[PDB]
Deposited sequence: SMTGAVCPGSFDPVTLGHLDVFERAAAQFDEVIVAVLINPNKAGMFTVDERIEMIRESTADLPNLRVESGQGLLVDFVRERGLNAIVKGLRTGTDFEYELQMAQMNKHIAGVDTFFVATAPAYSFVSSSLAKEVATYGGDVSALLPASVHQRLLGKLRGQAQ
């Protein structure tokens, strides 16, 4: 009964996030995607959850839930003690290392990092929204469903 939580704001989820989800789902019996409401973004929590569920239909051991407060409480209240997160740069690692060691200290929750797929090294939710806002084509970087939903928000 292994399991991990994949956290983030996912505003919106990108193909980089989805690649991490599929990789976590392939190595752990249970995966929970934690959509963290940070109470100002583009999509509502429900819409963000919707887009992830649509894009993770092929992953039977994955579910999607919203959460508030400490991530470690979200993890431990579901019987787990591992977090899985994607990393692009050494700079990412240093910032995330601080939070990973804090989370282990306060609650015994482990963090496992996975290297980004090379093709998505440059995609982030914020850069994809910025480029799309000014008319650039980001369709190769986002799940097909998400892309249409993003156009709607702009138009």
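Where C-alpha coordinates are absent, the deposited sequence of this PDB chain has the segments 1, 41-42, 159-162.
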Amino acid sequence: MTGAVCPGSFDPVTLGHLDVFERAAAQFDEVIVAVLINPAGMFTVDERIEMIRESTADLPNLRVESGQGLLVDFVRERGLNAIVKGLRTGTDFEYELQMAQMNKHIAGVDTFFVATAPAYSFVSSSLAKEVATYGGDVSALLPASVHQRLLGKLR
From here on, numbers count along this sequence of modelled residues.
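Between two forms, the rigid core is the largest collection of C-alphas that superpose within 1.5 Å.
Taking the root mean square of CA deviations in 9 other deposited structures of this protein after fitting on the rigid core, 82-90 and 42-50 differ, and the farther of the two is 82-90. Each structure in 9 other deposited structures of this protein is fitted to the shown form on the rigid core, and of 114-122 and 100-108 the C-alphas lie farther away on average for 114-122. If you average the C-alpha B-factors over 65-73 and over 103-111, the higher value belongs to 65-73.
Comparing 140-148 with 13-21, the stretch with the higher mean C-alpha B-factor in the PDB entry is 140-148. When the C-alpha B factors of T116, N38, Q27, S125 are read from the deposited coordinates, the top value falls at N38. Across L87, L59, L97, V33, the greatest Cα temperature factor reported in the deposited entry is at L59. Per the PDB record, residue ranking by Cα B-factor puts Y120 in the lowest third of the chain. Ranked within its chain, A4 lands in the middle third, by CA B factor from the PDB record.
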